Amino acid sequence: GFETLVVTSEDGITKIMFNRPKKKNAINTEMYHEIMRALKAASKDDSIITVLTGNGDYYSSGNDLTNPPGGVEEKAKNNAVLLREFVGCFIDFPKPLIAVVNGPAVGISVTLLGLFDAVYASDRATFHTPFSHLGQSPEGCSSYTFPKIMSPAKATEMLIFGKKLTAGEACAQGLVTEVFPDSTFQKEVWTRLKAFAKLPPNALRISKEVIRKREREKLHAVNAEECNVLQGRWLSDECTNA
């Protein structure tokens, strides 16, 4: 039983659906733990392919802005330990992992796209990482992945300067596999994924592994560096005023 996700599995696809549509799928502490539990189950289940998507209008508005005796410094520590573990589940996820981006995506839900195998977007999806505007720094391994996927010249605009991308721009810049018109989005994506799930399953998993294994150690080191820096930013005056 999940309180913040709807998780199903059938015919070789596991579907993990963010389910706080009244909060535009903001990721609160509970959803952090539950996404990790869903991923850990999906890593051992019978599915060939695992899909993340959002209920409703938004894919996700990112971290929930609403969440101790040992202080703001110890809440910072425990939040960093948790972020690091959460990102770690995406670095390690051993099967094909697909984002179906049904609408606007923000923050950590965008930065994680650099660790997904494929990303399909509705043309009403947008991609925004306004870290800078909130006195914070990158996470989700995006400090490593975004310059490499997008080019430094483009990644700067998104990561440092908080420019919001359209679906088309995110696709042209390598974050998004393909964009579909919103009225046909759901059909186009599921039809494709159902075909993909009929491919030889050990071949799909083994092909992902030969692509991803040699990079994991570096991604885990990137993730640890990001979380350490981010712990600092949370305790900063710019983060508080913003």
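A residue's number is simply how far along the shown sequence it sits, counting from 1.
* To do: Determine if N28 is unmodelled in a third or more of the other PDB entries compared for this protein.
  => Per the records, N28 is modelled in all the other entries.
* Taking the other compared entries of this protein, do a third or more of them lack coordinates for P201? -> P201: modelled in all of the comparison entries.
* Would you mind checking whether any residues of the deposited sequence sit unmodelled between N67 and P68, and how many (none, 1 to 3, 4 to 9, 10 or more)? => According to the record, 4 to 9 deposited residues lack coordinates from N67 to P68.
* To do: With reference to the PDB entry, specify whether the mean Cα temperature factor is higher for 130-138 or for 116-124.
  => So the stretch with the higher mean C-alpha B-factor is 130-138.
* With reference to the PDB entry, specify whether the mean Cα temperature factor is higher for 75-83 or for 94-102. => Of 94-102 and 75-83, the stretch with the higher C-alpha B-factor average is 75-83.
* Of the residues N63, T50, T53, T177, the one carrying the largest Cα B-factor as recorded -> So the option with the highest C-alpha B-factor is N63.
* Chain-wide C-alpha B factor ranking for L219, given as lowest, middle or highest third -> Lowest third - that is where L219 ends up once the chain's C-alpha B-factors are sorted.
* Cα B factor band for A41 (lowest, middle or highest third within the chain) -> Highest third - that is where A41 ends up once the chain's C-alpha B-factors are sorted.
* To do: Please place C227 in the lowest, middle or highest third of its chain by C-alpha B factor as given in the entry.
  => Answer is middle: the recorded C-alpha B-factor places it there.
* Asked: Would the CA B-factor of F185 place it in the lowest, middle or highest third of its chain?
  -> For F185, whose C-alpha B-factor we compare with every modelled residue in the chain, the answer is the highest third.
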